[PDB]
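The data block below is start.cif; it holds mmCIF, C-alpha atoms.
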```cif
data_start
#
loop_
_atom_site.label_atom_id
_atom_site.label_comp_id
_atom_site.auth_asym_id
_atom_site.auth_seq_id
_atom_site.Cartn_x
_atom_site.Cartn_y
_atom_site.Cartn_z
CA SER A 1 -12.39 -13.74 -21.61
CA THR A 2 -11.75 -11.38 -18.72
CA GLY A 3 -8.83 -9.98 -16.76
CA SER A 4 -8.48 -8.53 -13.26
CA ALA A 5 -5.37 -6.85 -11.85
CA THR A 6 -4.64 -4.94 -8.70
CA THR A 7 -3.36 -1.39 -9.08
CA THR A 8 -1.22 0.12 -6.32
CA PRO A 9 -0.30 3.74 -5.49
CA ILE A 10 3.38 4.50 -6.13
CA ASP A 11 3.71 6.67 -3.01
CA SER A 12 1.86 8.04 0.03
CA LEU A 13 0.20 10.79 -2.03
CA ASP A 14 -1.34 8.56 -4.73
CA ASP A 15 0.72 10.45 -7.33
CA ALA A 16 0.14 7.57 -9.76
CA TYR A 17 -0.78 3.89 -9.73
CA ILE A 18 1.14 0.87 -11.01
CA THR A 19 -0.28 -2.39 -12.28
CA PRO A 20 1.79 -5.52 -12.99
CA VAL A 21 1.89 -6.59 -16.65
CA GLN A 22 3.41 -9.76 -18.09
CA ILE A 23 5.35 -9.25 -21.32
CA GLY A 24 7.01 -11.92 -23.43
CA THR A 25 7.88 -15.59 -23.10
CA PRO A 26 8.90 -16.46 -20.46
CA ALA A 27 6.99 -13.65 -18.81
CA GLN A 28 8.81 -10.47 -17.85
CA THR A 29 6.70 -8.62 -15.29
CA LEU A 30 6.83 -4.83 -15.43
CA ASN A 31 4.84 -2.36 -13.34
CA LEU A 32 3.05 -0.06 -15.74
CA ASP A 33 1.06 3.14 -15.29
CA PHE A 34 -2.35 2.50 -16.87
CA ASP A 35 -3.25 5.74 -18.61
CA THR A 36 -6.73 6.39 -20.00
CA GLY A 37 -5.36 9.68 -21.36
CA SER A 38 -2.89 8.17 -23.84
CA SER A 39 -2.63 5.26 -26.27
CA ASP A 40 0.93 3.90 -26.28
CA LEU A 41 2.16 0.86 -24.35
CA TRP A 42 5.82 1.67 -23.79
CA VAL A 43 8.46 0.21 -21.51
CA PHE A 44 11.89 0.78 -20.12
CA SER A 45 14.02 -1.76 -21.92
CA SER A 46 17.45 -3.16 -22.68
CA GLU A 47 17.58 -0.48 -25.42
CA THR A 48 17.04 2.45 -23.05
CA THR A 49 20.04 4.79 -22.78
CA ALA A 50 21.85 3.43 -19.73
CA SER A 51 22.21 6.81 -17.98
CA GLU A 52 18.42 7.24 -18.18
CA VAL A 53 17.62 4.04 -16.26
CA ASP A 54 17.67 4.30 -12.45
CA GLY A 55 16.02 1.36 -10.70
CA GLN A 56 13.26 0.50 -13.19
CA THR A 57 12.65 -3.05 -14.33
CA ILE A 58 13.42 -3.40 -18.02
CA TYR A 59 11.96 -5.45 -20.84
CA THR A 60 14.62 -7.37 -22.76
CA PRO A 61 13.12 -8.47 -26.06
CA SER A 62 16.09 -10.71 -26.94
CA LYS A 63 15.11 -12.89 -23.96
CA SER A 64 11.54 -13.34 -25.19
CA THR A 65 10.94 -16.14 -27.68
CA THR A 66 7.73 -14.45 -28.86
CA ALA A 67 9.20 -10.95 -29.40
CA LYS A 68 9.50 -9.76 -32.97
CA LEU A 69 10.90 -6.42 -34.14
CA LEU A 70 8.22 -4.41 -35.91
CA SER A 71 10.45 -3.41 -38.78
CA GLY A 72 10.76 0.30 -39.46
CA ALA A 73 8.41 1.33 -36.66
CA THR A 74 9.31 4.15 -34.28
CA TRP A 75 7.41 6.09 -31.67
CA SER A 76 7.72 9.38 -29.83
CA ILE A 77 5.35 10.81 -27.26
CA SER A 78 5.05 13.93 -25.13
CA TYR A 79 2.69 14.09 -22.16
CA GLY A 80 0.72 16.93 -20.60
CA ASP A 81 3.26 17.28 -17.80
CA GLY A 82 6.04 17.96 -20.31
CA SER A 83 7.64 14.53 -20.00
CA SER A 84 8.46 12.40 -23.05
CA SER A 85 9.92 9.17 -24.38
CA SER A 86 10.69 7.56 -27.74
CA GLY A 87 12.12 4.44 -29.34
CA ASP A 88 11.35 1.46 -31.55
CA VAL A 89 8.71 -1.26 -31.49
CA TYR A 90 8.32 -4.99 -30.94
CA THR A 91 5.25 -7.15 -31.01
CA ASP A 92 4.97 -9.65 -28.18
CA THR A 93 2.51 -11.42 -25.90
CA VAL A 94 1.11 -9.16 -23.15
CA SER A 95 -1.07 -10.31 -20.26
CA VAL A 96 -2.91 -8.25 -17.66
CA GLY A 97 -4.58 -9.99 -14.75
CA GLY A 98 -5.00 -13.23 -16.68
CA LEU A 99 -6.13 -11.63 -19.96
CA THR A 100 -3.70 -12.30 -22.80
CA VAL A 101 -3.16 -10.45 -26.08
CA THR A 102 -0.81 -11.87 -28.69
CA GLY A 103 0.87 -9.55 -31.18
CA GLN A 104 0.61 -6.47 -28.95
CA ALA A 105 2.80 -3.54 -29.92
CA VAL A 106 5.31 -3.08 -27.11
CA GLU A 107 7.09 0.20 -27.62
CA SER A 108 10.66 -0.06 -26.40
CA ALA A 109 12.17 3.15 -25.07
CA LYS A 110 15.53 4.28 -26.40
CA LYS A 111 15.17 7.64 -24.63
CA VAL A 112 13.10 8.84 -21.67
CA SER A 113 12.93 12.29 -20.10
CA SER A 114 14.24 13.04 -16.63
CA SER A 115 10.88 12.69 -14.88
CA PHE A 116 10.68 9.06 -15.98
CA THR A 117 14.28 8.30 -14.99
CA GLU A 118 13.72 9.90 -11.61
CA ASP A 119 10.70 7.70 -10.84
CA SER A 120 12.03 4.22 -10.10
CA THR A 121 8.56 2.80 -9.49
CA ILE A 122 7.13 3.16 -13.01
CA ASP A 123 8.50 0.77 -15.65
CA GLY A 124 6.42 2.27 -18.48
CA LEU A 125 2.88 3.19 -19.51
CA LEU A 126 -0.07 1.21 -20.80
CA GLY A 127 -2.36 3.52 -22.76
CA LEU A 128 -6.13 3.05 -22.62
CA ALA A 129 -7.39 6.05 -24.62
CA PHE A 130 -8.47 5.52 -28.25
CA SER A 131 -6.00 4.01 -30.69
CA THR A 132 -6.23 7.10 -32.92
CA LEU A 133 -3.78 8.76 -30.47
CA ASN A 134 -1.17 6.02 -30.77
CA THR A 135 2.15 7.53 -31.88
CA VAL A 136 3.73 4.59 -33.75
CA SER A 137 4.90 5.53 -37.23
CA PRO A 138 4.51 4.76 -40.09
CA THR A 139 1.84 2.21 -39.07
CA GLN A 140 -0.26 3.26 -36.10
CA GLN A 141 -0.80 0.51 -33.53
CA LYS A 142 -3.75 -0.56 -31.37
CA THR A 143 -4.01 -0.34 -27.59
CA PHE A 144 -4.11 -3.40 -25.38
CA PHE A 145 -7.84 -2.83 -24.85
CA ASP A 146 -8.52 -2.41 -28.56
CA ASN A 147 -6.69 -5.69 -29.28
CA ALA A 148 -8.46 -7.57 -26.47
CA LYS A 149 -11.94 -6.19 -27.08
CA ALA A 150 -13.34 -8.79 -29.46
CA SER A 151 -12.34 -11.59 -27.06
CA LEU A 152 -13.78 -9.95 -23.94
CA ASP A 153 -17.07 -11.13 -22.44
CA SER A 154 -18.21 -7.47 -22.66
CA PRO A 155 -16.27 -4.69 -24.44
CA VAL A 156 -15.46 -2.74 -21.29
CA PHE A 157 -12.82 -2.07 -18.72
CA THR A 158 -13.27 -0.57 -15.27
CA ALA A 159 -11.07 1.58 -13.05
CA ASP A 160 -11.51 1.31 -9.28
CA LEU A 161 -8.66 3.38 -7.87
CA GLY A 162 -8.04 3.43 -4.14
CA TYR A 163 -7.45 6.35 -1.81
CA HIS A 164 -4.14 5.63 -0.11
CA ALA A 165 -4.85 1.96 -0.87
CA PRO A 166 -4.77 -0.59 -3.69
CA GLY A 167 -7.56 -0.82 -6.24
CA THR A 168 -8.47 -2.77 -9.36
CA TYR A 169 -8.54 -2.63 -13.15
CA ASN A 170 -10.96 -5.18 -14.63
CA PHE A 171 -11.32 -6.06 -18.29
CA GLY A 172 -14.39 -7.62 -19.85
CA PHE A 173 -16.82 -7.49 -16.93
CA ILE A 174 -18.45 -5.22 -14.38
CA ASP A 175 -17.94 -6.34 -10.77
CA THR A 176 -21.35 -5.56 -9.30
CA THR A 177 -19.93 -5.98 -5.77
CA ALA A 178 -17.41 -3.16 -6.25
CA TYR A 179 -19.82 -0.19 -6.11
CA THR A 180 -22.89 1.06 -4.29
CA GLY A 181 -26.18 2.11 -5.86
CA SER A 182 -26.39 2.26 -9.65
CA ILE A 183 -23.97 3.13 -12.44
CA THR A 184 -24.91 6.31 -14.30
CA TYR A 185 -23.77 6.32 -17.91
CA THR A 186 -22.96 9.45 -19.86
CA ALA A 187 -22.06 10.23 -23.48
CA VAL A 188 -18.47 10.21 -24.76
CA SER A 189 -16.92 12.13 -27.64
CA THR A 190 -13.98 10.31 -29.22
CA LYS A 191 -13.17 13.26 -31.52
CA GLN A 192 -9.94 14.15 -29.71
CA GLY A 193 -9.06 10.51 -28.97
CA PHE A 194 -9.90 10.78 -25.27
CA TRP A 195 -12.65 9.50 -22.97
CA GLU A 196 -14.22 12.95 -23.17
CA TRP A 197 -17.53 13.63 -21.45
CA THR A 198 -19.57 16.48 -19.95
CA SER A 199 -20.16 16.77 -16.24
CA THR A 200 -23.47 18.36 -15.28
CA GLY A 201 -22.03 20.59 -12.54
CA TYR A 202 -20.52 20.78 -9.08
CA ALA A 203 -20.89 21.59 -5.39
CA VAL A 204 -18.37 22.68 -2.78
CA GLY A 205 -18.75 21.04 0.62
CA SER A 206 -22.34 21.18 1.83
CA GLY A 207 -23.13 23.97 -0.63
CA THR A 208 -25.85 23.96 -3.25
CA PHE A 209 -25.22 22.22 -6.55
CA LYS A 210 -24.41 24.49 -9.49
CA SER A 211 -25.80 23.13 -12.74
CA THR A 212 -23.25 23.85 -15.46
CA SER A 213 -21.73 21.82 -18.29
CA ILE A 214 -18.05 20.96 -17.81
CA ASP A 215 -16.42 19.15 -20.72
CA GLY A 216 -13.40 17.12 -19.70
CA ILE A 217 -11.53 13.84 -19.96
CA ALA A 218 -11.43 10.82 -17.70
CA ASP A 219 -7.67 10.45 -17.29
CA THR A 220 -6.18 7.88 -14.94
CA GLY A 221 -2.70 9.11 -15.89
CA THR A 222 -3.21 12.58 -14.43
CA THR A 223 -2.91 12.91 -10.65
CA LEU A 224 -5.12 15.91 -9.96
CA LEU A 225 -8.51 17.35 -10.88
CA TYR A 226 -8.17 20.26 -13.33
CA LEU A 227 -11.30 22.40 -13.79
CA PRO A 228 -12.21 25.91 -15.01
CA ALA A 229 -10.77 28.79 -12.99
CA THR A 230 -14.23 29.90 -11.82
CA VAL A 231 -14.94 26.48 -10.30
CA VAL A 232 -11.52 26.17 -8.69
CA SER A 233 -11.72 29.68 -7.19
CA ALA A 234 -15.12 28.82 -5.70
CA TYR A 235 -13.64 25.71 -4.09
CA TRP A 236 -10.54 27.31 -2.56
CA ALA A 237 -12.48 30.35 -1.35
CA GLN A 238 -13.95 27.95 1.26
CA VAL A 239 -10.50 27.20 2.72
CA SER A 240 -9.07 29.85 5.06
CA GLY A 241 -5.67 30.99 3.88
CA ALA A 242 -5.78 29.21 0.53
CA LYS A 243 -4.27 31.09 -2.39
CA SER A 244 -2.98 30.61 -5.88
CA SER A 245 0.81 30.75 -5.90
CA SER A 246 2.55 31.45 -9.21
CA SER A 247 5.88 30.48 -7.62
CA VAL A 248 4.61 27.08 -6.50
CA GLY A 249 2.49 26.53 -9.61
CA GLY A 250 -1.06 26.41 -8.28
CA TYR A 251 -3.34 26.64 -5.28
CA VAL A 252 -1.78 26.01 -1.91
CA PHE A 253 -3.41 25.98 1.49
CA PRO A 254 -2.40 25.84 5.15
CA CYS A 255 -1.58 22.25 6.07
CA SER A 256 -3.60 22.82 9.28
CA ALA A 257 -6.82 23.18 7.26
CA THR A 258 -9.67 20.69 7.08
CA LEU A 259 -10.69 20.62 3.42
CA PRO A 260 -14.30 20.59 2.19
CA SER A 261 -15.55 17.88 -0.13
CA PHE A 262 -16.11 18.50 -3.84
CA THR A 263 -19.06 17.04 -5.72
CA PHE A 264 -19.27 16.58 -9.48
CA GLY A 265 -22.35 15.69 -11.52
CA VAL A 266 -22.77 12.73 -13.82
CA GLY A 267 -26.17 13.23 -15.39
CA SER A 268 -28.57 13.47 -12.46
CA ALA A 269 -26.11 11.53 -10.24
CA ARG A 270 -23.46 12.95 -7.94
CA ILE A 271 -19.93 11.79 -7.07
CA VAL A 272 -18.51 13.15 -3.82
CA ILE A 273 -14.76 13.61 -3.47
CA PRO A 274 -13.95 13.74 0.25
CA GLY A 275 -11.86 16.69 1.38
CA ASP A 276 -8.94 14.49 2.39
CA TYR A 277 -8.58 13.34 -1.24
CA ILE A 278 -7.76 16.96 -2.18
CA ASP A 279 -4.72 17.17 0.15
CA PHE A 280 -1.40 16.60 -1.65
CA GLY A 281 0.77 17.44 1.31
CA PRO A 282 3.61 19.87 1.95
CA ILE A 283 4.90 21.76 -1.09
CA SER A 284 8.42 20.86 0.06
CA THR A 285 9.60 18.64 2.88
CA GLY A 286 8.73 20.18 6.26
CA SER A 287 6.66 23.04 4.86
CA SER A 288 3.34 24.03 6.43
CA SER A 289 2.03 25.04 3.00
CA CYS A 290 0.22 22.15 1.32
CA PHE A 291 -0.52 21.60 -2.35
CA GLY A 292 -4.13 21.43 -3.52
CA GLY A 293 -5.62 18.53 -5.44
CA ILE A 294 -8.04 20.72 -7.40
CA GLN A 295 -6.27 23.10 -9.79
CA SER A 296 -7.16 25.35 -12.70
CA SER A 297 -7.20 23.94 -16.23
CA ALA A 298 -6.73 27.41 -17.69
CA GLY A 299 -3.93 27.18 -20.21
CA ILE A 300 -4.06 23.37 -20.31
CA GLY A 301 -6.78 23.75 -22.89
CA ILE A 302 -8.83 20.91 -21.44
CA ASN A 303 -10.50 19.97 -18.16
CA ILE A 304 -9.10 16.78 -16.67
CA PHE A 305 -10.90 14.40 -14.34
CA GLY A 306 -7.72 12.85 -13.00
CA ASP A 307 -7.12 10.43 -10.16
CA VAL A 308 -8.45 12.80 -7.47
CA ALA A 309 -11.87 12.59 -9.12
CA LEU A 310 -11.77 9.05 -10.48
CA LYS A 311 -10.70 7.41 -7.22
CA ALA A 312 -13.95 8.64 -5.64
CA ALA A 313 -15.88 6.45 -8.11
CA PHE A 314 -16.17 3.08 -9.76
CA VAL A 315 -15.66 4.02 -13.41
CA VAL A 316 -16.77 2.05 -16.47
CA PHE A 317 -14.98 2.65 -19.76
CA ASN A 318 -17.51 1.22 -22.19
CA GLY A 319 -15.87 0.47 -25.53
CA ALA A 320 -19.01 -0.61 -27.34
CA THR A 321 -19.61 0.63 -30.89
CA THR A 322 -20.76 3.92 -29.38
CA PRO A 323 -18.51 4.35 -26.35
CA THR A 324 -19.85 5.71 -23.06
CA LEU A 325 -18.56 6.29 -19.53
CA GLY A 326 -20.24 5.05 -16.36
CA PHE A 327 -19.76 6.33 -12.81
CA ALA A 328 -20.94 4.82 -9.54
CA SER A 329 -20.29 5.72 -5.92
CA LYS A 330 -18.43 3.08 -3.91
#
```

Target format structure tokens, applied to this file:
Amino acid sequence: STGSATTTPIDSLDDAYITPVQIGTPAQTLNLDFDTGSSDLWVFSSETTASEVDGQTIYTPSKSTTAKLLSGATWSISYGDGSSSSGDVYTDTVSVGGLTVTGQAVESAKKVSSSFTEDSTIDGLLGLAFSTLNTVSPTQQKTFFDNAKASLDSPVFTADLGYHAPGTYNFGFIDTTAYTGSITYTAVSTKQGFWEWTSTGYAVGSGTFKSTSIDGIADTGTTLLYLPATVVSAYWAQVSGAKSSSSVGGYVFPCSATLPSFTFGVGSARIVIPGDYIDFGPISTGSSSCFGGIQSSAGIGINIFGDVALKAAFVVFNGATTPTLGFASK
């Protein structure tokens, strides 16, 4: 089997992407944030504290003839941005882009933090990291990908995120029309539960490539590109007036600037992030100070190849017995 679903930016900045997901019988369609940096499929639901729901579409398990309470199971998750959610668990039928999994753990939120409530466009998350990170207790549950894998034509999914435009998540096949040149594959460590890999270096604008190993995660659920302070300083030093602002919470730059590109290495291959991808707009409405899309990972404890980086590539998440990651230009 295969599946193919369009993923759409939630706003003009590409802060996140939503993908429609069918849950239950009859189908209830919710727009979920596909997150390769976590491993829980959770939804706003009829059980979510009413004051914490503001415009989201909810899953109502009592209206699904295939929903079953997973007795005794609870979940609770906290994300890198400080947001969180928790609740109980159902199993139900879940379909993405024509690919169907029966018996998928659908984690129903009883509580969500303010950031979730405040974002009316995201109805929940669909985790695509390794199932070892799944938070369901006392019986850990498998991701949608893990459940689907054996049935897929090939044990892979791909992320093709758009810049200010829709893109695609495919399951079970590689669309050879969706990228240019060749796909370069690189080793993955699953030791921390992430799609963790080592970039071979970077360049700023038309500058020379610096060969240096940068360990980080491919994380579709993180907006920006977080890299070591040395790398980030080298980037922003090429932008007149750019500075790190403790008050704002990162590098800012004059909105009048034209940003240089940023290149990252994948083996001997190179992925170029155009400068415009690195512009996240005014820090506050009407400001002429703009927020940078490349930020320091210092004090995160991990480098993160978030959407800024991933949307410059066609990315293969290869879930074969020894997982790997592939990157192509597009």

Selection result for the PyMOL selection byres ((chain A and resi 49) around 6) on this file, as a CSV table (one decimal) with C-alpha atoms, in the frame of the given file:
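Contents of result05.csv, freshly written:
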```csv
chain,number,residue,atom,x,y,z
A,48,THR,CA,17.0,2.4,-23.0
A,50,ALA,CA,21.8,3.4,-19.7
A,51,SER,CA,22.2,6.8,-18.0
A,52,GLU,CA,18.4,7.2,-18.2
A,110,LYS,CA,15.5,4.3,-26.4
A,111,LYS,CA,15.2,7.6,-24.6
```

Can you list, as a VMD selection string, the residues that the PyMOL selection byres ((chain A and resi 169-174) around 6) selects here?
chain A and resid 2 to 5 152 to 159 168 175 to 176

Please write the residues picked by the PyMOL selection byres ((chain A and resi 36) around 8) on this file as a ChimeraX atom specification.
/A:34-35,37-39,127-129,194-195,218-221

Those residues you just picked out, can you put them in a file as a compact mmCIF listing (two decimals), in the coordinates of the input with C-alpha atoms?
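Written out: again04.txt:
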```txt
# COMPACT_ATOMS: atom_id res chain seq x y z
CA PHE A 34 -2.35 2.50 -16.87
CA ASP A 35 -3.25 5.74 -18.61
CA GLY A 37 -5.36 9.68 -21.36
CA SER A 38 -2.89 8.17 -23.84
CA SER A 39 -2.63 5.26 -26.27
CA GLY A 127 -2.36 3.52 -22.76
CA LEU A 128 -6.13 3.05 -22.62
CA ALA A 129 -7.39 6.05 -24.62
CA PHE A 194 -9.90 10.78 -25.27
CA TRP A 195 -12.65 9.50 -22.97
CA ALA A 218 -11.43 10.82 -17.70
CA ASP A 219 -7.67 10.45 -17.29
CA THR A 220 -6.18 7.88 -14.94
CA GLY A 221 -2.70 9.11 -15.89
```

What separation in Å, quoted to one decimal, exists between atom CA of residue A:131 and atom CA of residue A:191?
11.7 Å

Nearest to residue A:6, restricted to all atoms listed in the file and choosing among A:124, A:85, A:266, A:161, comes out as A:161

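Residue nearest residue A:262, chosen from A:242, A:227, A:300, A:94 and counting all atoms listed in the file: A:227.
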
Could you name the residues that touch residue A:256 at 9 Å or less, counting all atoms listed in the file, but leaving out those on the same chain fewer than 3 positions away, as a compact mmCIF listing (two decimals) with C-alpha atoms, keeping the file's coordinate frame?
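Written file, selection.txt:
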```txt
# COMPACT_ATOMS: atom_id res chain seq x y z
CA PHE A 253 -3.41 25.98 1.49
CA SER A 288 3.34 24.03 6.43
CA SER A 289 2.03 25.04 3.00
CA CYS A 290 0.22 22.15 1.32
```

What's the 6 Å shell around stretch 13-24 of chain A, counting only C-alpha atoms, without same-chain residues fewer than 6 positions away, as a PyMOL selection string?
chain A and resi 7+30-33+64+92-96+223

Point (7.0, -3.7, -26.8) neighbourhood (6 Å, all atoms listed in the file) written as a ChimeraX atom specification
/A:89-91,105-108

What does the file look like for those residues with C-alpha atoms, as an mmCIF file, keeping the file's coordinate frame?
```cif
data_model
loop_
_atom_site.group_PDB
_atom_site.id
_atom_site.type_symbol
_atom_site.label_atom_id
_atom_site.label_comp_id
_atom_site.auth_asym_id
_atom_site.auth_seq_id
_atom_site.Cartn_x
_atom_site.Cartn_y
_atom_site.Cartn_z
ATOM 1 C CA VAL A 89 8.710 -1.260 -31.490
ATOM 2 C CA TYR A 90 8.320 -4.990 -30.940
ATOM 3 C CA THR A 91 5.250 -7.150 -31.010
ATOM 4 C CA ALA A 105 2.800 -3.540 -29.920
ATOM 5 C CA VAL A 106 5.310 -3.080 -27.110
ATOM 6 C CA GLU A 107 7.090 0.200 -27.620
ATOM 7 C CA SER A 108 10.660 -0.060 -26.400
#
```

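Taking only C-alpha atoms into account, residue A:197 lies nearest to A:324 out of the set A:287, A:295, A:240, A:324.
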
For residue A:119, list every protein, DNA or RNA residue within 10 Å, evaluated using all atoms listed in the file, and leave out those in the same chain fewer than 5 positions away; present the list as a short mmCIF file (atom, residue, chain, number, x, y, z; two decimals) with C-alpha atoms, in the frame of the given file.
```
data_model
loop_
_atom_site.label_atom_id
_atom_site.label_comp_id
_atom_site.auth_asym_id
_atom_site.auth_seq_id
_atom_site.Cartn_x
_atom_site.Cartn_y
_atom_site.Cartn_z
CA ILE A 10 3.38 4.50 -6.13
CA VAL A 53 17.62 4.04 -16.26
CA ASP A 54 17.67 4.30 -12.45
CA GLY A 55 16.02 1.36 -10.70
CA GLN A 56 13.26 0.50 -13.19
CA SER A 114 14.24 13.04 -16.63
#
```
